[PDB]
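> an experimental structure, sequence included, is below.
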Amino acid sequence: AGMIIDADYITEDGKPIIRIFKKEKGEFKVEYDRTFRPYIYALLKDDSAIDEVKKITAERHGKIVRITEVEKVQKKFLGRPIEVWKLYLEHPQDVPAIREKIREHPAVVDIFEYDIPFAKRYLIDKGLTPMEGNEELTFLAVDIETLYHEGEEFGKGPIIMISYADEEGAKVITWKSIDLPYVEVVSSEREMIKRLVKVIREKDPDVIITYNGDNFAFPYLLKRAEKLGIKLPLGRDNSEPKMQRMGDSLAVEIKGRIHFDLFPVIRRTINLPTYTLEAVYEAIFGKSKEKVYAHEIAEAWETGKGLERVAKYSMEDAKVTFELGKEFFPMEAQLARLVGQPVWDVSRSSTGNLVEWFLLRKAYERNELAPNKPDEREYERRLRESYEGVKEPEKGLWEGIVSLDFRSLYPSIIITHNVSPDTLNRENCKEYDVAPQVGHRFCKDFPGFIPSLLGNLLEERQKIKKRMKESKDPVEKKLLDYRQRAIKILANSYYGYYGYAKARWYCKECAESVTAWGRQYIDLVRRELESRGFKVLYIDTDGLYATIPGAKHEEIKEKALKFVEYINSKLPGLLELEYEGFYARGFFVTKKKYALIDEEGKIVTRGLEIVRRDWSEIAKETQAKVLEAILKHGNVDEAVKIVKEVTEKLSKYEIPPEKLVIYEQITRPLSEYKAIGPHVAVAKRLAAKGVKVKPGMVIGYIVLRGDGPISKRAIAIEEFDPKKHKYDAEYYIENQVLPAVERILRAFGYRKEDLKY
DNA sequence: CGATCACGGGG
DNA sequence: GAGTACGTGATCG
Ligand SMILES: [Mg+2]
Ligand SMILES: [Mg+2]
């Protein structure tokens, strides 16, 4: 009867057991299923071949792996009936061990659905959807503070504070005496970590909210717990938090709970040049949050002075993490429900994967064999594919800019023109739609797999919107608002998904055709805007920016709002143009490279700011000054003078060496590097002096004056002697400051050579 | 040139 | 864990 919050599998006597984690009227419940079997499909040249194929074996865990059962099944592949063999295996881990040995067989045409994780395969095949119902979950935010010194190995310093927050308040656990009402003083780091364990086990939250807990709080807690020889039984089955390598980074799971890391969530939802907790909190709640930096924390801890400030910082970190979690969780819960996969997985995935997860479930429901993910070569061939058929933007600084969004136009185009990989250039097709300019043909004889699903999504959203108008219950209304927004997000991701290189249902011709049909409406919007005195400053497939040159801002807003209302009255069906926002000033460099400033003075950029540790402060500071001179002062001449002054100061050795430090992490043992960059050259010298260089250590260096590649001229920041060493002014000018500002100033007709005296 | 390698968030 | 993240820009070899 309960709400499914997660699913996984355990192995018992070498056999897999599925676990379904549920919340039923406030109670945690686990259901176990020992009956679900792993499988793959094999398309054979002939039915006689099954006798050779069913006899294929592999090895795993010292035992030989066999196909347990085979079953001839009738399915659909690319809108055509197909006969494949369902090959059953005992354990999920048998699938990577045997799949290549089945694929290699001369009688095997191809294999299918050989990389779907067991718990995700279970939820699809059994028709189970997470987050259904009105079941109320409990939340706890968790955060930590540590003792850090520049360039230390990860986990060297102790955890000095652990903070948590829920509706009962925000609290701090520390092992140094601080006299504040929300601070619990314990005897040691060990006792503080054990107190966190107790809080989590006693509060028993369904959701543990963190800010970058995947890649900091939890790996750090695990490192220090290992060090101190203590366990972290945070799982509802008493298991420890589990670190999963998700790409080049990490993801942490806590069994029986939802580890909700806000960092990947917020990074997708909103646009910010830097997603610090303080920048994120202000963007959403319109309130400032003070940042207490690592060096200030270390100084207060070691000296024992100003610890009240550090404890307040730790408390506020947990407090706002709780507040942000409550804000961002409902939408992730509805997306999980819509796509039919747990929030843990859905909150950490791109919209492209959300679409694919939705499609894999619908393919099962429709008996449609899923196409395979591409191999490296295909993935690479897809990235190099050229699309025919979005001009260069207007130069200079523009005032009073309206932003219009086109994204809600594309699902309707996909549906009306039956744009799908299964309908593309079909043989013996009776009726078809021809894409303008690109000429791709889409069969009209049957609804395509993707248009069919999109149509149902848009219909469901219209029902939800109608139920919302007719509802008196504000609780149902709030919930229905989240559900209709989840459909809008998923439906507006299909256009992009067609061109997503990793997509199973990738279709270059589909994406191209949606673009070509879409363009007819964009050209109509542009002509209608220009007939109304508007100048289009920037236009791409997602939207445009426009202004009425020299008009009053309120007149621009009114005319734009009146235009959107008008055009939508002209557009058929669910084709919708949206007024996104207004900006006091802005400039446009190229496709998805631009900067704006709103009426409250907040700078908004896309594809231009360089806030990262592997760029020197002098380059990042100059870039901020250039954007401020342009957007806040409306003065490109001031911006050019700033660059010219900084470059001359660098030439005359007038810039502090501290603004010239470059930081780069060591990501593997030093011997595993194939290319030795400056930070590796610096690292190798440190290791030679006896420094324990380890992956995760961040190397700070300065590029000195001299001959050859910068690798041979980089010096460790701790070894830099201003009275002896001379930094490379030409490197900091040509490779740091000038690349940071040259893109920006190209929009104003400046080349890299005009930004020096 | 192609290949290799780094960034983000968090102390 | 029957998945891996991404997109982009600098520097090395
Ligand atoms: Mg999981
Ligand atoms: Mg903190």
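Perfect, thanks for sending it. Numbers count the residues shown, from 1 in each chain, chains lettered A, B, ... in the order given. Ligands and ions are numbered 1, 2, ... in the order given.
> how many residues are close by residue A:686?
19 (other CB atoms under 10 Å). No exception for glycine: its C-beta is placed from N, CA and C like everyone else's.
> repeat that for residue A:225.
By the criterion of other CB under 10 Å, residue A:225 has 21 neighbours.
> near ligand 2, which residues of chain A show up?
Contact residues (CB under 5 Å from the ion) of chain A with ligand 2: A:143, A:317.
> please repeat the previous calculation with a cut-off of 8 Å.
A:143, A:144, A:145, A:161, A:163, A:211, A:277, A:313, A:314, A:317, A:318 (CB under 8 Å from the ion).
> the second one: neighbour count?
Pointing back at residue A:144 there. Residue A:144: 25 neighbours (other CB under 10 Å).
> in helices, which of the residues of chain A next to ligand 2 fall?
Per DSSP state H, helices hold the following members of the residues of chain A next to ligand 2: A:277, A:313, A:314, A:317, A:318.
> these: which two are farthest apart?
With CB to CB as the measure, no two of these lie farther apart than A:277 and A:314, at 11.9 Å.
> higher neighbour count, those two?
residue A:314 (28 against 20).
> hang on, that one packs against residue A:159?
No - with contact defined as CB atoms under 8 Å, residue A:314 does not count as touching residue A:159 (10.6 Å).
> joint contacts of the two?
Counting by CB atoms under 8 Å, 6 or more residues apart in numbering, the common neighbours of residue A:314 and residue A:159 are residue A:145.
> now for the longest strand belonging to chain A, which elements pack on it?
Longest strand in chain A by number of residues (criterion: DSSP state E): strand A:578-590. Under the contact definition 3 or more CB pairs under 8 Å, 6 or more residues apart in numbering; DSSP states H and E, strand A:578-590 sits against strand A:398-405, strand A:535-539, strand A:543-547, helix A:553-570, strand A:593-597, helix A:617-631, helix A:738-746.
> mean neighbour count and distance to DNA strand C for those - can I get that in JSON lines?
Below are those laid out as JSON lines (neighbours: other CB atoms under 10 Å; distance: least, CB to the nearest atom of the strand, whole Å):
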{"stretch": "strand A:398-405", "mean neighbour count": "21", "distance to DNA strand C": "19"}
{"stretch": "strand A:535-539", "mean neighbour count": "20", "distance to DNA strand C": "16"}
{"stretch": "strand A:543-547", "mean neighbour count": "23", "distance to DNA strand C": "16"}
{"stretch": "helix A:553-570", "mean neighbour count": "15", "distance to DNA strand C": "28"}
{"stretch": "strand A:593-597", "mean neighbour count": "22", "distance to DNA strand C": "7"}
{"stretch": "helix A:617-631", "mean neighbour count": "21", "distance to DNA strand C": "9"}
{"stretch": "helix A:738-746", "mean neighbour count": "20", "distance to DNA strand C": "4"}
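> just the closest residue of the stretch 301-450 of chain A to DNA strand B, please.
Per CB to the nearest atom of the strand, residue A:317 is where the stretch 301-450 of chain A lies closest to DNA strand B, at 4.8 Å.
> please tell me I have it right and that residue contacts residue A:163.
Yes - in this structure, residue A:317 is within contact of residue A:163 by CB under 8 Å, at 6.1 Å.
> joint contacts of these two?
A:143, A:145.
> run through the residues of the stretch 551-700 of chain A sitting next to DNA strand B.
Contact residues (CB under 7 Å from any atom of the strand) of the stretch 551-700 of chain A with DNA strand B: A:611-614, A:663-668, A:673-675, A:677, A:679-680, A:698.
> quick one: residue A:130 and ligand 2, what's the gap?
According to CB to the ion, to the nearest Å, residue A:130 and ligand 2 sit 30 Å apart.
> let's verify that residue: helix, strand, or coil?
coil (DSSP: H, G, I helix; E, B strand; the rest coil).
> dig out what the nearest residue in space to it that is not next to it in sequence forms beta bridges with.
Distance criterion CB to CB, 6 or more residues apart in numbering; nearest residue to residue A:130, sequence neighbours excluded, is residue A:4 at 4.4 Å. With DSSP bridges as the criterion, residue A:4 is bridged to residue A:22.
> tell me who's in contact with residue A:4.
By CB under 8 Å, 6+ apart, residue A:4 lies in contact with A:20, A:21, A:22, A:123, A:128, A:129, A:130, A:131, A:132, A:342.
> how about the closest residue to residue A:103 other than its chain neighbours, phi and psi?
With sequence-adjacent residues excluded and distances taken as CB to CB, 6+ apart, residue A:103 is closest to residue A:111, at 4.9 Å. Backbone torsions of residue A:111, given as degrees, to the nearest 10, read phi -120, psi 160.
> how close does residue A:111 get to residue A:84?
9 Å (CB to CB, to the nearest Å).
> closest to ligand 2 among the contacts of residue A:4?
The shortest approach to ligand 2 among the contacts of residue A:4 belongs to residue A:342, at 26.5 Å (CB to the ion).
> and residue A:134, how far from residue A:460?
If you go by CB to CB, the gap between residue A:134 and residue A:460 works out to 19 Å.
> and residue A:31, that's in a helix?
No - judged by three-state DSSP, residue A:31 forms no part of a helix; its state is strand.
> what about it, how many residues nearby?
12.
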